[PDB]
Structures are given as structure tokens and as C-alpha cells.
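S.K.: To kick things off, part of the complex as it is:
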Amino acid sequence: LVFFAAXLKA
């Protein structure tokens, strides 16, 4: 999973 909310887990 790519996540951003201001920064991978995919």
C-alpha cells in the first residue's frame, strides 16, 4: 500500500 497524508507498506 502506497500512503500519503504531510509521507509504502504494497
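M.R.: It's in. Numbers count the residues shown, from 1 in each chain, chains lettered A, B, ... in the order given.

S.K.: Point to the residue nearest the middle of chain A.
M.R.: Nearest residue to the geometric centre of chain A (Cα atoms, centre = their mean): residue A:3, 1.8 Å.

S.K.: wait, that one sits on residue A:9?
M.R.: Yes: with contacts counted by Cβ atoms under 8 Å, residue A:3 reaches residue A:9, the gap being 6.6 Å. To be clear about C-beta, it is placed using only N, CA and C from the backbone, and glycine gets the same treatment.

S.K.: with the structure above as the base, add chain B:
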Amino acid sequence: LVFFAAXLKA
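M.R.: Chain B, in position alongside the others:
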């Protein structure tokens, strides 16, 4: 939250 995992929750 902006996410991508294959597409806003922020």
C-alpha cells in the same frame, strides 16, 4: 489519506 494498493479517505 491518499492511498493506492490495483486506487482518498484525508
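
S.K.: returning to that earlier point: who does the residue nearest to the centre of chain A form a beta bridge with?
M.R.: Residue A:3 has these beta-bridge partners by DSSP bridges: residue B:3.

S.K.: do the same with residue A:8
M.R.: When bridges are called by DSSP bridges, residue A:8 pairs up with residue A:2.

S.K.: Pull up the residues of chain A that are close to chain B.
M.R.: With the criterion set to Cβ under 8 Å from any Cβ of the partner chain, chain A comes near chain B through A:1-5, A:10.

S.K.: with the structure above as the base, add chain C:
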Amino acid sequence: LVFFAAXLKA
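M.R.: Placed with the earlier chains, chain C looks like this:
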């Protein structure tokens, strides 16, 4: 996968 960073794919 349950995810949160501000919101399931598990």
C-alpha cells in the same frame, strides 16, 4: 490489511 494515516484492503 486495516490501514489509517486523517482512513481496509485483509
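
S.K.: circling back: in contact with the residue nearest to the centre of chain A, which residues?
M.R.: Counting by Cβ atoms under 8 Å, 6 or more residues apart in numbering or on different chains, residue A:3 makes contact with A:9, B:1-3, C:3, C:5.

S.K.: tell me the two of the residues you listed that are most distant?
M.R.: The most widely separated members of those, counting by Cβ to Cβ, are A:9 and B:2 (13.7 Å).
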